[PDB]
Each structure stands twice: as structure tokens, then as C-alpha cells.
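# Summary of the model geometry
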Amino acid sequence: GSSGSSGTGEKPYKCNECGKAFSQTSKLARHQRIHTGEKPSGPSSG
Ligand SMILES: [Zn+2]
């Protein structure tokens, strides 16, 4: 019913690039890696 699981709390460590909310900082970074253009891109995603 609801788009994804997004409860309440503190998600200030969200990706300022795309806008993804993670549980912790370590998670955010591990993701921001896809923004540095280092990893091998695949499908079309903004
Ligand atoms: Zn991002």
C-alpha cells in the first residue's frame, strides 16, 4: 500500500544528491559511491 517503508525518526543523513534516506551514515556513503561515477553504470536512472 505505502511506497516503501519510511517510518519516523532521524534521517538527516539522506543523500542530498538523489534523496535517499538511510538508517545510518555508513549506509549513506556506501550508496553515494554510485554518484561518484566510479561503479559500472547500468540501466537508465537519474
Ligand atoms: Zn544518492
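Looking at the entry header, you'll see solution NMR listed as the method.

So, about the overall build of the protein. When its secondary structure is counted, the protein shows 1 helix and 0 strands. If one aligns the C-alpha atoms of the protein with their principal axes, the spans along those axes are about 35 × 25 × 15 Å. Within the span of the protein, comprising 46 residues, buried residues form 9% of the whole.

The next thing to look at is the coordination of the zinc ion. Here the zinc ion is held by the protein donor atoms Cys 15 (SG), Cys 18 (SG), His 31 (NE2) and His 35 (NE2), which lie 2.0 to 2.3 Å from it. Around the zinc ion sit 4 donor atoms; with metal-centred angles ranging over 99 to 124°, the donor geometry is tetrahedral. One chain supplies every donor to the zinc ion, and in sequence these donors are spaced C-x2-C-x12-H-x3-H. Placement of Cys 15 in the segment before α1 (25-32) and of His 35 in the segment after α1 is noted, with a sequence separation of 20 residues between them. For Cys 15, a relative accessible area of 0% puts it in the buried group. What makes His 35 partly exposed here is its relative accessible area of 28%.

Moving on: the environment of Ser 5. With respect to the helices and strands, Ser 5 occurs in the segment before α1. With 38 residues separating them along the chain, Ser 5 and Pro 43 place their C-alpha atoms 24 Å apart.

Right, let's get into the side chain of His 31. Tracing the chain through its elements places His 31 in helix α1. The class for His 31 is buried, based on a relative accessible area of 18%. Look past the residues within four positions of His 31 in its chain and what remains in contact with it is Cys 15, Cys 18, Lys 20 and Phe 22.

Definitions and cut-offs
- Residues numbered from 1 in each chain as written, not as in the entry; some residues may be left out.
- Heavy atoms only, no water.
- Helix = DSSP H or I, 4+ residues; strand = E, 2+ residues; numbered from the N terminus.
- Buried < 20%, exposed > 50% of the residue type's maximum accessible area, 1.4 Å probe, protein only.
- Donors = N, O, S within 2.8 Å, 3.2 Å for Na, K, Ca; no water.
- Tetrahedral: all angles 85-135°; square planar, octahedral: opposite > 155°, others 65-115°.
- Contact = heavy atoms within 4.5 Å.

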